[PDB]
Amino acid sequence: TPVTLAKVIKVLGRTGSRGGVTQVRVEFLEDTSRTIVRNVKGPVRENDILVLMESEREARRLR
Amino acid sequence: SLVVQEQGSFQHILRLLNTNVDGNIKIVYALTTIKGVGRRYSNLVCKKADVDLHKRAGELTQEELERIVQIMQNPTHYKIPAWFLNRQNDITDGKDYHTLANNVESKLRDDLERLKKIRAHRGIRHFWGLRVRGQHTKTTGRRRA
Amino acid sequence: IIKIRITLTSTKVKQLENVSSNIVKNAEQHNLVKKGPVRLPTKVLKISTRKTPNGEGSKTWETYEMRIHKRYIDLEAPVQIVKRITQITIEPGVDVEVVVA
Amino acid sequence: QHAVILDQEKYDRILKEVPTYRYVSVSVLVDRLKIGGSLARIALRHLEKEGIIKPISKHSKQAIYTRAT
Amino acid sequence: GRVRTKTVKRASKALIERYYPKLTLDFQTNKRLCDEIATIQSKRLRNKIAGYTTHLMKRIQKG
Amino acid sequence: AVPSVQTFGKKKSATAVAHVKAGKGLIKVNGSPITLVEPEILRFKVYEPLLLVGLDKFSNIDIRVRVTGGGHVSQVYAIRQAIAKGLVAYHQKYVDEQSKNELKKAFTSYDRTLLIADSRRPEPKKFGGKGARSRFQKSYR
Amino acid sequence: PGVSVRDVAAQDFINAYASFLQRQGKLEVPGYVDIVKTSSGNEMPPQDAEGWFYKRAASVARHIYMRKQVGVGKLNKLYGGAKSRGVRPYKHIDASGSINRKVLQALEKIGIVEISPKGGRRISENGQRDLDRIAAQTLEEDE
Amino acid sequence: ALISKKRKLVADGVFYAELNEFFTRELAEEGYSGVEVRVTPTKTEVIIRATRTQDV
Amino acid sequence: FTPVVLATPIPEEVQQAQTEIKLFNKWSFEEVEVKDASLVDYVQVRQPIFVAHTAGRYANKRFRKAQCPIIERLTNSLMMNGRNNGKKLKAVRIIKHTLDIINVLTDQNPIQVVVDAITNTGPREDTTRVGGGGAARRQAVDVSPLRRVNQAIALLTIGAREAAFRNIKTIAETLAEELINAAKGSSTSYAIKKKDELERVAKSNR
RNA sequence: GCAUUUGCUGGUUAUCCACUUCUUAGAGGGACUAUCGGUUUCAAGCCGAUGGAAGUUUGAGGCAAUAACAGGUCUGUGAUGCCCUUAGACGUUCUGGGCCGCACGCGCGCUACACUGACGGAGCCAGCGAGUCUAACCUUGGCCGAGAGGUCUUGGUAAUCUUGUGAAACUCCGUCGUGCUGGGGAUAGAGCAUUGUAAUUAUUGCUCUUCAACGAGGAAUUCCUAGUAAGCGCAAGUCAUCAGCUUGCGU
């Protein structure tokens, strides 16, 4: 289980056709200088920690 | 701490009024497999026959069952009031009878045939196989079966 | 003197309160014990018709209200001054009944 | 299915198995033993008047018992 | 949804341009003044008129 | 002369009235002790005002609470509304006002609406549905 | 220091008082004590067929103690519940009146309640004296 | 008397509406405009609001 | 602890454990802690309560339900499937019975067992739907920390409800069995079987 | 009454005195997004925190444009044009019957498929309302009856009496024990009552007996964002009798 954490730096904005997916930018919390942009399912506020099963996709906005 | 260790006198399925009574359920609700007794008739006849209600049917030694079937076949002699009775001033006698196991389907058949041969409106509806009481038929009652 | 009671009933707040005010003003013009205006709870009489004639349309409902305000004042007075104060304060919309004892 | 009358082969099974039960209750008896449910609700009384299990809460819809020692 | 309308806004500007050295920066003593220098039908409206007057004065004494 | 404060507490239709006078320490609800307020799983709800500030403060006062209206859960929320207000208002009048803030700080920091009754009130029913928001099922063909 | 029935839990008092009434053995339970359903909303007779009547007599006496006066019409609304009428929704149904009237007459004959002005039945001189003695014993049960 | 105020105050309303529809139908040619009743002890009085009183 | 005597007896077991520490029913909010970061500030065990009955307004803002204590968020999720709606006084009894049973099977703090169950049974990588036109493909996304707590309570109470349905074991015991078997990753619980099934679907769709 | 020590719980229709916290209802006060902080062109505003009974336009309604529809209604109207009929009438009235008739398809719903449950005792908590003089309305209390109900009285034209509407879900203790079983109560038999001139094609209520499908419902599809959904009953409308409906109300 190579679980890596991260925490939201800036909430970009909603995406998806129904708008149920929030696009956020996260700082990796082990190395600060790495910032990847991914998208989440539930409700996210500013500065809360996430869990990344694999931190490689850097996904774009859905339609 | 009501633990009792009786082992031998227990009995499985047993016959009363030509009906197989399940032996390992409580006596009041065990009697209710007889067509003609219900949860409240059987309760009263157990009370009148002086049976401990907590007993299974595998208990109840044969004189107690004989007392119980004495109460069922002759209720008015053992102080059961006439408003428990299944037939009151019945149709021909004017007496009070509680109809029991095999007589229930026959006395019902007697009543249906009695009011069929007179060609009363209830009898014709029964013969046709329709809802005999004054209830709608346009939407419900499908699947005659 | 005699124990009297004056009961006021109306559907208009403004036309009733000034009548009770005139009653009490005449009550301490020549002084006597008040047992002043005890306002009973207001009664709302509701009629809920549908909206329409014939039942076409969305099933919309109205409710109409009539509000009954009631007030009673329990006075005691000499027999002479009873008639004049019961006759001066007569106003449309306000129903006044006076119980003798 | 489930036995409703004690038969003195279930009775000794009560005495030598419920001390091994760290959580013991009405549904515990009917699952690991094969007992009648209403017999279990009598058994948990009998296992209390002489201490083999002890009560920690007695609600009419739920009884919770542990081994005494 | 706190947008004042052109009844509250236009009245408050007309009430400042002729009563400037009588109005404070405080709401509680501005609404007491609006009962004297103006005729407003409802209590709910003069609280809205005096509140926007107090808001305008806070940005008059700033500039 | 018999220093006494009366107050009230409310929940949704319920109105408990407290009579806080100086005395020996009986805390009785509807003539019966506080230990008998019986939904019996909310029995601790009448107990927070007796335990947040400590049981010592009640040794010199007498409490007599009567409730009407509401339901079984709504009434239980109404005694505790009246007990809390009945002790902080006793302290405002007959003992030091510095002590009142210390108890008012305790109840407010644990605010289950012990001092301030909540403003949640029923919404009226409308036509075309069986509830305030709920509508009847429409059929479309 | 002196106790009333208001300091006793209701269920624990009614059970303790119902046992006392049966131990005395003088209540004149009716002969119909084992036939009746006790309401028209009920389905089955009371399960405790020997001592369900003593529990009503204990429950009614405490109720009259806590109130000013009640009659057999207030007891029927109190002891009645919802009725299952099958396919149609439930509704409140008052209890049986003959049972409550027989309870009240039994209590008057044992002399624990009495007929009252303004109607109904109030609790008597001996009623307060006797309810409070079992109320005293119920507190001191815990060894 | 011997009538509840709920039925009394409503009956005063329907009495007024019956009077008003009567005078609209009757005094149609005189420019009728309304009525008001003054329920007093000793001869309750009714006022007719019509333009040509010399015709009414 | 110097008990105080007064005209109302207020029994001895009440104030002995509650004047100094405001416990649970009898359970401690001390030494309980969320072992999984990204669930702190969403699992609330920091202000103790006496019973899990708090008539609190948590629905009027977006994130205010996080400040609701998680024990009340489990009693709230028990009043479900229709016949039990608005029956909170039954749900507190179930939870009061559950934490007693949980302590018996495992002698740790039953509050700690609940937090262990929540921290495990929340999904970590979920799947959303991308419509386009036609086949309506799926897309794997992340999941919020709040939704992890929201869904963990959902899966636990659904699993207890379905297990206890046509069964002689009560809802209190099956809730206890589900929480204990989820505190460890036993995969004998409904929620753990669901959680890794949702995660392996997203693994295919990433 | 109990304790006894000065206390606790009660009763006492006006015994008297005092007061208005709770209740009532007139006049008012109260919120203005207030204070602070952050954002934007520095505006209109928005966001967060504090205070506050109240911060979504404070919640919910009422009211509600211009233009229209061949929308519904001539079966609300002594609103109405034209057509028809007008004495064996299509007027009106009276006896009967029908509108309810069942191979079947659809829409709104009620009860369920049970153990978060059913049953039995025990606890005991609302709010909106309605109610009779030349007419029998809401009915307390006593007595009778298993019950439904009967009978003798009483209060009330009502903040006074019904009525604290002692509602139901709910809560506690017990019986059941995974079994279409003590879940469910359709269908049917016999009796006792009540409303009505009249109950058969069961008005309705009750008592005993009869014990059906239904094991969570396919494609589809409805309603709903906080004291809301959902559960739960109660009053009113219709009414002489009939509520599985609606309009509200609280839990």
# chains A, B, ... in the order shown; residues from 1 in each chain; ligands from 1
call {"tool": "select_by_dssp", "arguments": {"residues": "chain D", "states": "strand (DSSP E)", "output": "number ranges by chain"}}
result
D: 53-59, 62-67
call {"tool": "residues_around", "arguments": {"residues": "residue 49 (chain I)", "least_positions_apart": "3", "cutoff": "9 Å", "atoms": "only C-alpha atoms (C1' of nucleotides)", "output": "ChimeraX atom specification"}}
result
/I:22-25,29,52-54,69
call {"tool": "write_last_selection", "arguments": {"atoms": "C-alpha atoms", "output": "PDB file, in the first residue's frame"}}
result
ATOM      1  CA  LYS I  22     -18.414  14.618  31.632  1.00  0.00           C
ATOM      2  CA  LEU I  23     -18.325  11.038  30.404  1.00  0.00           C
ATOM      3  CA  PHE I  24     -20.511   9.212  27.910  1.00  0.00           C
ATOM      4  CA  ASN I  25     -23.351   6.933  29.190  1.00  0.00           C
ATOM      5  CA  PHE I  29     -13.743  10.742  25.561  1.00  0.00           C
ATOM      6  CA  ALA I  52     -26.218  10.961  21.725  1.00  0.00           C
ATOM      7  CA  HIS I  53     -29.343  13.142  21.618  1.00  0.00           C
ATOM      8  CA  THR I  54     -28.438  16.702  20.620  1.00  0.00           C
ATOM      9  CA  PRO I  69     -20.167  14.269  17.373  1.00  0.00           C
TER      10      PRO I  69
END
call {"tool": "residues_around", "arguments": {"residues": "region 43-60 of chain E", "least_positions_apart": "6", "cutoff": "7 Å", "atoms": "only C-alpha atoms (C1' of nucleotides)", "output": "PDB file with C-alpha atoms (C1' of nucleotides), in the first residue's frame"}}
result
ATOM      1  CA  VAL E   8     -34.126  53.376  -0.374  1.00  0.00           C
ATOM      2  CA  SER E  12     -31.005  58.386   1.319  1.00  0.00           C
ATOM      3  CA  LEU E  25     -21.940  57.669  11.696  1.00  0.00           C
ATOM      4  CA  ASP E  26     -24.152  55.660  14.083  1.00  0.00           C
ATOM      5  CA  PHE E  27     -27.278  53.801  12.993  1.00  0.00           C
ATOM      6  CA  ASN E  30     -29.654  58.049  12.704  1.00  0.00           C
ATOM      7  CA  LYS E  31     -32.975  56.211  12.627  1.00  0.00           C
ATOM      8  CA  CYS E  34     -35.238  59.929  10.226  1.00  0.00           C
TER       9      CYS E  34
ATOM     10  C1'   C J  32     -30.537  47.839   9.563  1.00  0.00           C
TER      11        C J  32
END
call {"tool": "interface_residues", "arguments": {"of": "chain A", "to": "chain I", "cutoff": "6 Å", "atoms": "only C-alpha atoms", "output": "mmCIF file with C-alpha atoms, in the first residue's frame"}}
result
data_model
loop_
_atom_site.group_PDB
_atom_site.id
_atom_site.type_symbol
_atom_site.label_atom_id
_atom_site.label_comp_id
_atom_site.auth_asym_id
_atom_site.auth_seq_id
_atom_site.Cartn_x
_atom_site.Cartn_y
_atom_site.Cartn_z
ATOM 1 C CA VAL A 40 -12.327 15.025 -6.022
ATOM 2 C CA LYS A 41 -15.804 13.608 -5.542
ATOM 3 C CA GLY A 42 -17.232 14.944 -2.287
ATOM 4 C CA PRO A 43 -17.175 18.385 -0.666
ATOM 5 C CA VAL A 44 -13.723 19.897 -0.066
ATOM 6 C CA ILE A 49 -5.735 16.615 3.789
ATOM 7 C CA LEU A 50 -6.361 14.001 1.103
#
call {"tool": "select_by_dssp", "arguments": {"residues": "chain B", "states": "alpha helix (DSSP H)", "output": "CSV table (one decimal) with N, CA and C atoms, in the first residue's frame"}}
result
chain,number,residue,atom,x,y,z
B,27,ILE,N,-49.6,-24.3,23.9
B,27,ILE,CA,-50.9,-25.1,23.7
B,27,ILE,C,-52.0,-24.2,23.2
B,28,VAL,N,-52.1,-23.0,23.5
B,28,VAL,CA,-53.2,-22.1,23.1
B,28,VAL,C,-53.1,-21.9,21.6
B,29,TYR,N,-51.9,-21.7,21.1
B,29,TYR,CA,-51.7,-21.5,19.7
B,29,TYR,C,-51.5,-22.8,18.9
B,30,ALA,N,-51.3,-23.9,19.6
B,30,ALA,CA,-51.3,-25.2,19.0
B,30,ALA,C,-52.7,-25.7,18.7
B,31,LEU,N,-53.6,-25.4,19.5
B,31,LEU,CA,-55.0,-25.8,19.3
B,31,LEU,C,-55.6,-25.1,18.1
B,41,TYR,N,-60.8,-18.2,21.3
B,41,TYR,CA,-61.6,-19.3,21.8
B,41,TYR,C,-60.7,-20.3,22.5
B,42,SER,N,-59.5,-20.6,22.0
B,42,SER,CA,-58.6,-21.6,22.5
B,42,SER,C,-58.1,-21.1,23.9
B,43,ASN,N,-57.8,-19.8,24.0
B,43,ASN,CA,-57.4,-19.3,25.3
B,43,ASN,C,-58.4,-19.5,26.4
B,44,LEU,N,-59.7,-19.2,26.0
B,44,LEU,CA,-60.7,-19.4,27.0
B,44,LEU,C,-60.9,-20.8,27.4
B,45,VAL,N,-60.8,-21.7,26.4
B,45,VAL,CA,-61.1,-23.1,26.8
B,45,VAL,C,-59.9,-23.7,27.5
B,46,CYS,N,-58.7,-23.2,27.3
B,46,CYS,CA,-57.6,-23.6,28.2
B,46,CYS,C,-57.7,-23.1,29.6
B,47,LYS,N,-58.2,-21.8,29.7
B,47,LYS,CA,-58.5,-21.3,31.1
B,47,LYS,C,-59.6,-22.1,31.8
B,48,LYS,N,-60.6,-22.5,31.0
B,48,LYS,CA,-61.7,-23.2,31.6
B,48,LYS,C,-61.3,-24.7,32.0
B,62,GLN,N,-53.1,-37.1,29.0
B,62,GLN,CA,-54.3,-37.4,28.2
B,62,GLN,C,-55.6,-37.0,28.8
B,63,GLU,N,-55.7,-37.0,30.2
B,63,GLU,CA,-56.9,-36.5,30.8
B,63,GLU,C,-57.1,-35.0,30.7
B,64,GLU,N,-56.0,-34.3,30.6
B,64,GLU,CA,-56.1,-32.8,30.3
B,64,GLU,C,-56.5,-32.5,28.9
B,65,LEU,N,-56.0,-33.3,27.9
B,65,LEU,CA,-56.5,-33.1,26.6
B,65,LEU,C,-58.0,-33.6,26.5
B,66,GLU,N,-58.4,-34.6,27.2
B,66,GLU,CA,-59.8,-35.0,27.3
B,66,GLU,C,-60.6,-34.0,27.9
B,67,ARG,N,-60.2,-33.3,28.9
B,67,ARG,CA,-60.9,-32.1,29.5
B,67,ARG,C,-61.0,-31.0,28.4
B,68,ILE,N,-59.9,-30.7,27.7
B,68,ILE,CA,-59.9,-29.7,26.7
B,68,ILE,C,-60.9,-30.0,25.6
B,69,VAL,N,-60.9,-31.2,25.1
B,69,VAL,CA,-61.9,-31.5,24.0
B,69,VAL,C,-63.3,-31.6,24.6
B,70,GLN,N,-63.4,-31.8,25.9
B,70,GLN,CA,-64.8,-31.7,26.5
B,70,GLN,C,-65.3,-30.3,26.5
B,71,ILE,N,-64.4,-29.3,26.7
B,71,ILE,CA,-64.8,-27.9,26.7
B,71,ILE,C,-65.1,-27.5,25.3
B,72,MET,N,-64.3,-27.9,24.3
B,72,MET,CA,-64.6,-27.4,22.9
B,72,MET,C,-65.9,-27.9,22.4
B,73,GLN,N,-66.2,-29.2,22.7
B,73,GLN,CA,-67.4,-29.8,22.1
B,73,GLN,C,-68.7,-29.4,22.9
B,103,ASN,N,-67.0,-30.0,10.9
B,103,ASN,CA,-68.3,-29.4,10.8
B,103,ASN,C,-68.3,-28.0,10.2
B,104,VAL,N,-67.2,-27.3,10.3
B,104,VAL,CA,-67.1,-25.9,9.9
B,104,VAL,C,-67.3,-25.8,8.4
B,105,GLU,N,-66.6,-26.6,7.6
B,105,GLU,CA,-66.8,-26.6,6.1
B,105,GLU,C,-68.2,-27.2,5.7
B,106,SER,N,-68.8,-28.0,6.5
B,106,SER,CA,-70.1,-28.6,6.2
B,106,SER,C,-71.2,-27.7,6.5
B,107,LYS,N,-71.2,-27.1,7.7
B,107,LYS,CA,-72.2,-26.1,8.1
B,107,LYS,C,-72.2,-24.9,7.2
B,108,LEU,N,-71.1,-24.4,6.8
B,108,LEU,CA,-71.0,-23.4,5.8
B,108,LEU,C,-71.6,-23.8,4.5
B,109,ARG,N,-71.3,-25.1,4.1
B,109,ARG,CA,-71.9,-25.6,2.9
B,109,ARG,C,-73.4,-25.8,3.0
B,110,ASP,N,-73.8,-26.1,4.2
B,110,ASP,CA,-75.3,-26.2,4.5
B,110,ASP,C,-75.9,-24.9,4.3
B,111,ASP,N,-75.3,-23.8,4.9
B,111,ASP,CA,-75.9,-22.5,4.8
B,111,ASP,C,-75.9,-21.9,3.4
B,112,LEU,N,-74.8,-22.1,2.6
B,112,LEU,CA,-74.8,-21.7,1.2
B,112,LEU,C,-75.8,-22.4,0.4
B,113,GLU,N,-75.9,-23.7,0.6
B,113,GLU,CA,-76.9,-24.5,-0.2
B,113,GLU,C,-78.3,-24.1,0.2
B,114,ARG,N,-78.5,-23.8,1.5
B,114,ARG,CA,-79.8,-23.4,2.0
B,114,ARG,C,-80.3,-22.1,1.4
B,121,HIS,N,-80.7,-13.4,-3.3
B,121,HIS,CA,-79.6,-12.8,-4.1
B,121,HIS,C,-78.2,-13.2,-3.6
B,122,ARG,N,-78.1,-13.5,-2.3
B,122,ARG,CA,-76.8,-13.9,-1.8
B,122,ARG,C,-76.4,-15.3,-2.4
B,123,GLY,N,-77.4,-16.2,-2.6
B,123,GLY,CA,-77.2,-17.5,-3.1
B,123,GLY,C,-76.7,-17.5,-4.5
B,124,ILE,N,-77.3,-16.6,-5.3
B,124,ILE,CA,-77.0,-16.5,-6.8
B,124,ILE,C,-75.6,-16.0,-6.9
B,125,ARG,N,-75.2,-15.0,-6.1
B,125,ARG,CA,-73.8,-14.5,-6.2
B,125,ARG,C,-72.8,-15.6,-5.7
B,126,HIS,N,-73.2,-16.4,-4.7
B,126,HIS,CA,-72.3,-17.4,-4.3
B,126,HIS,C,-72.1,-18.5,-5.4
B,127,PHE,N,-73.3,-18.8,-6.1
B,127,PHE,CA,-73.2,-19.8,-7.2
B,127,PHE,C,-72.4,-19.3,-8.3
B,128,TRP,N,-72.6,-18.0,-8.7
B,128,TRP,CA,-71.8,-17.4,-9.7
B,128,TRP,C,-70.3,-17.3,-9.4
call {"tool": "decode", "arguments": {"residues": "region 41-56 of chain F", "atoms": "N, CA and C atoms", "output": "compact mmCIF listing (two decimals), in the first residue's frame"}}
result
# COMPACT_ATOMS: atom_id res chain seq x y z
N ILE F 41 -33.93 7.61 28.96
CA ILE F 41 -32.71 7.65 28.17
C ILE F 41 -32.31 9.11 27.97
N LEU F 42 -33.23 10.04 28.19
CA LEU F 42 -32.94 11.46 28.29
C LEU F 42 -32.97 11.94 29.73
N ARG F 43 -32.84 11.02 30.69
CA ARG F 43 -32.78 11.40 32.10
C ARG F 43 -31.55 12.24 32.40
N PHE F 44 -30.47 12.08 31.64
CA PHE F 44 -29.32 12.94 31.83
C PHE F 44 -29.51 14.32 31.23
N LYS F 45 -30.56 14.54 30.44
CA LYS F 45 -30.78 15.86 29.87
C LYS F 45 -31.26 16.85 30.91
N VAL F 46 -31.94 16.38 31.95
CA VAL F 46 -32.28 17.28 33.05
C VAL F 46 -31.12 17.39 34.02
N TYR F 47 -30.03 16.65 33.78
CA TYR F 47 -28.92 16.57 34.71
C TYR F 47 -27.71 17.43 34.33
N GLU F 48 -27.59 17.90 33.08
CA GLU F 48 -26.45 18.78 32.76
C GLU F 48 -26.42 20.07 33.56
N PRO F 49 -27.52 20.82 33.77
CA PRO F 49 -27.42 22.00 34.63
C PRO F 49 -27.04 21.69 36.07
N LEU F 50 -27.23 20.46 36.52
CA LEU F 50 -26.81 20.04 37.84
C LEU F 50 -25.37 19.55 37.87
N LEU F 51 -24.75 19.39 36.72
CA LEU F 51 -23.42 18.79 36.67
C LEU F 51 -22.40 19.63 35.92
N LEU F 52 -22.84 20.54 35.05
CA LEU F 52 -21.89 21.42 34.38
C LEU F 52 -21.27 22.41 35.36
N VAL F 53 -22.10 23.02 36.21
CA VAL F 53 -21.59 23.98 37.19
C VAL F 53 -21.28 23.33 38.53
N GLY F 54 -21.62 22.07 38.72
CA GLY F 54 -21.35 21.44 39.99
C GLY F 54 -22.59 21.39 40.86
N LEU F 55 -22.70 20.32 41.62
CA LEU F 55 -23.87 20.07 42.44
C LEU F 55 -23.89 20.89 43.72
N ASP F 56 -22.79 21.57 44.04
CA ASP F 56 -22.69 22.32 45.28
C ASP F 56 -23.59 23.55 45.28
